[PDB]
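Heads up: the structure comes next, in structure tokens.
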Amino acid sequence: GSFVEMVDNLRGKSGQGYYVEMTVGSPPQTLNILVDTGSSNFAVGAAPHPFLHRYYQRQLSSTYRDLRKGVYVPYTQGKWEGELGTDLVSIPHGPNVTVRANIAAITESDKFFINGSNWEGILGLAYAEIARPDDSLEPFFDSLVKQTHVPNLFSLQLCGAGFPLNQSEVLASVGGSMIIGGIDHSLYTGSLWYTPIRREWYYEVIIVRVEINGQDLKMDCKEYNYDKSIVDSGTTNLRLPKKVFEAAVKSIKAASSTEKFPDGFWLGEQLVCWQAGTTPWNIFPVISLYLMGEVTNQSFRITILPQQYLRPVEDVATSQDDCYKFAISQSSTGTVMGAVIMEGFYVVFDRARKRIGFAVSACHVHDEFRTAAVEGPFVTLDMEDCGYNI
Ligand SMILES: CC1(C)NC(=N)N(Cc2cccc(Cl)c2)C1=O
């Protein structure tokens, strides 16, 4: 581990997001910022909100610059409106550099800020092609690389605790590491395997095969990437295209058939509980996603355990039972490898080589009989046909 200053700089959890501390303005104003590889805007609360105990105050920053331009960002359940400007930004537990970057000051929001999440802004780490209002608004990481010597690369280790964290425990618990400009070898075990970034906008990848406990899902590989497959720390669940979700849930139900679970559980809406310490991890199958490799006709696989796709949640009775929610959901926007999947691996976003690396996380939750895995190489043909074209 050569980046000790950035190791353990993250806090949070899959359900509410993982955040890193940042400072904006002069004198520096400290704010907790959600790490999101599924968006490209640096946006911070800039006006009083019932869920924010602090926000960016532009009138107190001598280095604030007004861009005189508004920005509207509508989501499926969320929405935030802001005013564009620039200011000096720093990451205390990151590279020792200060950069002038675009900042969307959020003045209006609907279902954006989460109560008790402890974050007041969002750091979009994806490419400018999806930046709002348009690709002319340079993303924070692009500004950082253009203004300093920081290598064009960042790596994320998101650490799920494996059990529910109460409001006090989640504030004192290390949620992971965001290494800016490098790779820290103490955050993973085994080898790093790289899959090509298919196109620079979202961090898009290509899945070429899916297995449930070693059993091939047998679907046309184009269905796994319809209409795209992305790595997104801003999304909690592993999201799969409707047809893939239906085939996967049917296979997972069949592998776990010794126990019957209510439809509400598979819909990811209701929790299931077991007497303390008796969660039957062994009846749930491991899930393997094969990704296109960097060598022609070569692929590799990442394997996650139910300890990754079953999300720990506190029982509505706060009892001593260990309870979880099924963290796999259907998508109408393609495959999304959310935080519950990223929690099993150390993920390297090598923007300089247009590739994403995967390695077993040193902090992934497992039991004494099974471990998450990243294995290769596998002979795979025509993987270029697995990609979806509108
Ligand atoms: C592409 C998709 C679904 N993934 C995201 N991380 N975001 C950004 C986002 C939206 C709503 C809430 C959050 Cl925390 C992040 C998106 O809109």
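Quick note: numbers on chain A are straight from Swiss-Prot, i.e. 58-447, in order.
Here the Cβ of each residue, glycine as well, is placed from N, Cα and C on the backbone.
The feature active site is assigned by Swiss-Prot to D93, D289, with sequence analysis given as support. Per Swiss-Prot, the feature disulfide bond maps to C216-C420, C278-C443, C330-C380; the stated evidence is experimental evidence. Look at Swiss-Prot and you will find 75-416 tagged as domain 'Peptidase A1'. The N-linked glycosylation site annotation in Swiss-Prot covers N153, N172, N223, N354, and the record cites sequence analysis as its basis. As annotated by Swiss-Prot, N6-acetyllysine applies to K126, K275, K279, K285, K299, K300, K307.
Taking the features listed in Swiss-Prot, we show where each one sits on the structure.
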residue	record	Cβ within 10 Å
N153	N-linked glycosylation site	10
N223	N-linked glycosylation site	9
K279	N6-acetyllysine	15
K285	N6-acetyllysine	21
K299	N6-acetyllysine	12
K300	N6-acetyllysine	14
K307	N6-acetyllysine	13
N354	N-linked glycosylation site	13
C380	disulfide bond	21
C420	disulfide bond	21
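In this structure the C-alpha atoms belonging to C330 (disulfide bond) and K285 (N6-acetyllysine) are separated by 34 Å. Of all the recorded positions given, namely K126, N223, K279, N354, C420, those whose Cα is no farther than the 10 Å limit from the Cα of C443 (disulfide bond) are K279. In this structure, the C-alpha atom of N223 (N-linked glycosylation site) lies 13 angstrom from that of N172 (N-linked glycosylation site). For ligand 1, none of the recorded positions lies close by, meaning a CB under 6 A from one of its atoms; the full candidate list was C216, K285, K307, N354. For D289 (active site), other Cβ atoms within 10 Å of its Cβ number 22. Among the recorded positions listed (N153, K275, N354), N153 has its Cα nearest to the Cα of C216 (disulfide bond).
Other Cβ atoms within 10 Å of the Cβ of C278 (disulfide bond) number 20 in total over all chains.
Sequence-distant neighbours of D93 (active site) (same chain, six or more apart, CB under 8 Å from its CB) are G74, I179, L180, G181, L182, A183, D289, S290, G291, listed in sequence order. Rounded to a whole value, the Cα-Cα separation of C420 (disulfide bond) and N153 (N-linked glycosylation site) is 26 Å. When the recorded positions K126, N354, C380 are ranked by how far their Cα is from the Cα of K307 (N6-acetyllysine), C380 comes first. Looking only at Cα atoms, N172 (N-linked glycosylation site) sits nearest to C380 among the recorded positions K275, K279, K285, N354, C380. Closest to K300 (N6-acetyllysine) by Cα-Cα distance, out of the recorded positions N153, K279, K285, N354, is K279. Counting neighbouring Cβ atoms within 10 Å of each of the disulfide-bonded residues (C216, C330, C443), the lowest count belongs to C330. Recorded residues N153 (N-linked glycosylation site) and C380 (disulfide bond) have their alpha carbons 41 Å apart, per Cα-Cα distance.
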